[PDB]
Structure formats: structure tokens, C-alpha cells
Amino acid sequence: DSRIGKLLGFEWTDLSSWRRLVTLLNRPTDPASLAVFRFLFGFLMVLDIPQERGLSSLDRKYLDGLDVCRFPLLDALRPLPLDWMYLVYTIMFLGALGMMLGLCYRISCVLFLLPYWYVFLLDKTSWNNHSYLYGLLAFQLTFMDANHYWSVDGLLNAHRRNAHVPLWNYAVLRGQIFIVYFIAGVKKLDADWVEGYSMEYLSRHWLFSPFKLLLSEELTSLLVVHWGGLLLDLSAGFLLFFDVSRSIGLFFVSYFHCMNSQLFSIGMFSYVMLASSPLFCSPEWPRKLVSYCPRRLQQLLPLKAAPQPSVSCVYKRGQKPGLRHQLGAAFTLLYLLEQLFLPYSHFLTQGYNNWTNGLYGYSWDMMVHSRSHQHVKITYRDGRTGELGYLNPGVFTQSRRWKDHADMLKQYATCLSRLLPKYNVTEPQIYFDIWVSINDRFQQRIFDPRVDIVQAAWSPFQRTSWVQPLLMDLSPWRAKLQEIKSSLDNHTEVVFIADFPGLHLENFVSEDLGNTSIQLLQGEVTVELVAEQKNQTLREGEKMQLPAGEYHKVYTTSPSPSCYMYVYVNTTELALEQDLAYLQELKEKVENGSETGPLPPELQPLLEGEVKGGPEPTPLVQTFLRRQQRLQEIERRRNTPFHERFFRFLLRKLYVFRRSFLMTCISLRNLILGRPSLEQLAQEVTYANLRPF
């Protein structure tokens, strides 16, 4: 009756003592909405396992014999053989089905939870924010009585058909969703998001077309995308709770999630969040919806009678709370407190700290940092001969997150140290030099290029000494940089570098990049040409013309970091483009009747379009024909009806699911009966990789 107790659902007196808080978190409630969320979540995970978890492409990731570098959270974890991995994924699928249909719920939740976290912890390069959310929701749902309504276990056991559930299930779920929204909102108060640097180019998508009818492109790219996102995160946290402001909240959140689904390729995150939004409605909306149906349809829909008493809730007559009620209340409070604390727990695990904070995956800092890499070099020194060699950038790896994070770099170095000695390299010392920029800043080194990473020092609870600090003092320069970058022609390209004192950059400009120049913006550098061993000292605003096809070094001699730039034009491509344009112009002139003189023999293949009964085409002819074919293909792709695209999408997904099923069957047969001859295995694998059509 009290106003303050009706907008929150509990009087203050219910929090006076422990025995009355346990009686509030175990109040009876209708199980209707929890069952619907359970069904949708299980179905979505069933759909998700063959697509994002990687059951389709599991035969090329964990292939036996292939030597690859793994990035597990713990060094003790190791993948099992491929067949047992397929068995693990089969257990995941069975558990997801059990959650969907509510059959053996408490065993199905375990069978889905344990394999999922094994896969999640086996690789650090596949930690999104939605995988963590799925794992957390499974962990919560393992303890919630969500099989009371619309479940097969209800049909089997008569004490769980339309039975009450304690209130703390809804409390935990709503708290999780609110934490997601609110922590995302507060994390998006970084200076980059509120200024318009994260997702700067997203305003060009056609879905933002109506907004441009009233605002310019830049304001649409600042007010709508960034500030709108922040405000929507906070408001989606708060509005859905209160009854007065739920329709508006549901509308905005649904529009937000549909647009996110179309704009990005996150996966099932948007649909899962859409499913989670109705949890804030009344606990009995499916029942009232079922009531408003014809009598004929109700013979298949769930029941509509009031739920029966359950032995998992405390009823007010009195009843002394038992043991499971207290554990439920404690679990709710502790879990929510831990979820609040974990995103801000980076002052304990300082080893994973970098330019950003902590490993990506559990901070809810979605779409806030964009990184661009310019170069990566790996150098090694043999411990016996003393020779120096250079390795490929990303050899023996299946992901590109080892560049940003130091803990993964240490594992990469150790893996290379173990693998190299079979290529005659004894006791290598491995150095790294990586150029990365975040949110359109100056390119700068992320790791020290003089430290032997193989025999360096790294602990999870201490700061790494070989990670360069971010030069945020050069942050305000960005407004100038675009002005420099927007004044160039259609051929010129520009690169920006900022370098530390005492370090030098050695660069080998290719023979194609003629007309390359270096200009200094801030600091003091000396540029050395090694061809004649001549070095020139440069002051601010001095331009130099570098060779094309020789080494050159730039040393930073100032006491503070120095910022400079490269401006280059690809002369070879320009000459090729002019020649190709001339050839196309001559062909057009011949076609329209001009240039009445007989065509050269080299031009004859161009008009004919087929090299038959004549000399092989020149490289210019081959390039022109390739460009013509590519243009025709693009034109054909653009001019396609919608239904063809939808049909191709459905066929591709059907192929993915079919390959997953057939490979899993082959693996299970290998496990149980045995392994047939090689020819039979090859034939079966060929059958698996067959387009449906």
C-alpha cells in the first residue's frame, strides 16, 4: 500500500533482520516468464554451437600432428585429441537441448556448463563479452527452478507441474542484465567515446539514412551513435524496472538491439538480449497471453490454472526457513556483489594490464577501442653460431591478439623457443617490434625492441617492465592530423610515427615507392643513409627526399618523444594505371568507329577476349582483362534480387549444419567401433564436404 513499497515491491521492514530477508527472497512467484527465457536461451545456444563456437571448423583448428601455439589461461590446460573434442561438443549440444525442453534439467545444465567453460578457458583469443554472458547465465540457471512451467520433467514428475518458484531467480537475472547495461554505460564515459572517435565511420551505414534528413553527417556520428548509445545503456538499465516507464524502455531497447544485430556481426548477443528484456515484465505475462486464445488452441498450449504450492518457497500463514532458502539468499547477494566488483579488479592482476585494462572479455567495455597495426618484426639470434635471422610475422598462430597483450607474447616466445630447435636454431633469443595505434593516434611501439622476451620476467600480479607507456600527451594532435590527411591527392598516402628517445627506426623503402619524403612535426631527429654513410639532423618543419630501394635509419635524439611523418606515392601503380587507361581509351575509340587504322596484333586479344590460336597476352593485357572480369562480376553481384540472396544465405547455413553433423558422427564412430581403412575415411570425409544444392 505504501508508495515507497509499491515501486520497489518490498516494504523496508522486510530488511530489518536476516529471518525476514530470507522470507523476501523466497516469496512465491509465478514460473511463467522464467520458462520462456529458458526455452529461448537453450534454443539460441543450440543454434549457436555449430556457428560461433566452431564445431564446423574444429577439424582444422585442433588437427592432430600440426604444431601450433596455444594461448590457454593456465599453462597446464592442453587440448584433447580431436575425437574427444567432438564428443565434448556433442555433450554440449545434448545439454543445450535438455535446457530447451527442460528434461533432466539439473544434469543438462551441468553437461552444458562444464564443457563450455573448458572450451572458454582453453583459448584466450576467443573471449568476447557475449561468451562470458552465456557462461554466466548457464551458471545462474543451474540453480534456478525453471523447469516448473512448460517442461517435460513436469510431465514425468507430478510435483513440478505449474509450481511456484522463489523470487531470487528473477532477482539474480534482472541484476545481471542491469549490471551489463550500467557497467557498459559507465565504461563508455571514456574521453574517446564522448568525443566521437570510437565508431567514427559507422554513421555511413544505410540504416542511419533518415537521421541525415535532419542533421549533418558529423552530428549524426556524434549525437546519435555515441551519446545515444551511452544514454540508452543507462536508461535501459533503469527504465525497464519501473512500471510507468517500461513500454518506452522496451521499444528503445528492441530498436537498439535490432540495429546492433544488423550493423555488426556479434552473433546471438542481440537476440539473447531481446529474450532477456521481457524478464522485467510481470512474472505471469505468458499465462495471460495464453488466456486470450481460442478454446481450440488451448489444447496444445500450457496450462492456465493457478500454480500449486512448492516446497522451495516460504509461505506466510509461520514457517521457519530451512537450509536451501538461506543458501539461495546468500548466493544472490554474493553473486551480485562479485559481478559488481570483477570489472574493476584490475589493480590486483597488473600483469594483464596494458595500454587498456585487463584481458578482453569480462569488463563490458564493448566497442570502445579500435586498433590499427602498421608492422610486426620478429628477430632471432642463434645461441651457438651468433647469426641473426628474421621470422615471419604470424607463424605458428591462428589469431592476431598476441600483439596487443604481453602475457600472450610471452607464451608465443616460449612456443617459438620450443619449436625452432627442429630447424637447426639452438637456444634462440627472440625480440619483437610492433607498431600499433589506438583511436587514430600516432603509431608507436608497444613493446621494448631490445628485451629478450624468451628469458624475460612476467608474473600475473606485478607490472611488466618491457611495455612502453602510451604517449597520451600527443592526444590533442589528432585534430591537426586529419587536416593533413584530407589535403592529399588520390595517389598520395601518409603514415605517422612517434618514437621514444634513444631508439631508432630502420626502414627499407621498396623500389616501387618513388617520390617518398620525410617531414618532421615535433622534436629532433637525425636521418642516416647507409648507402654513403651520411646523416642529416632535422629541425621542426624540414622536409627531405629519401631514396627508393635502400635502407635508411631515423634516430630520435631529443630528450622527449619525436613525431614525424612519411608521404609516399606508388609510382609503378600510377604508370600502370595511366597505361591501362590509355589502352581502354584506344579500345573505346576502336569500338565507336574512331581510329579507322587497323588495330595492332597485341590489341586483337582485347577485342576477341579469348587467347586462342595466337601469342600469349602481355602483362598489360592480362591486367586489363582481369580488371574487366572483376568489374563485370561486381556489376552482376550488385544486380541480384533479394530472394536469391536469402536463398543463398539459407543454403550456406544448411551446409554448415550438415558438415557439423556428419563430422560429429564420423568422430563418434571412430571413438566407439574403431577406425576403418584410409580409403573409407577419405571417402567419408569427401562425403562430408559436399555442397547441399
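In this text, rigid core is short for the largest set of C-alphas that superpose within 1.5 Å between two forms. The first residue of the shown sequence is 1; numbering continues from there.
The rigid core fit leaves 441 to 449 as the farther-lying stretch in 7 other deposited structures of this protein, judged by Cα positions and set against 245 to 253 and 441 to 449. Between 639 to 647 and 57 to 65, greater CA displacement relative to the shown form is found for 639 to 647 when the structures in 7 other deposited structures of this protein are fitted on the core.
Among other deposited entries of this protein with both flanking residues present, none omit coordinates for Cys281; it is modelled throughout, well short of a third. Omission of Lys124 is seen in none of the other entries compared for this protein where the adjacent residues are built, far below a third.
In this entry, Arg317 is separated from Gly318 by 4 to 9 residues of the deposited sequence that have no coordinates.
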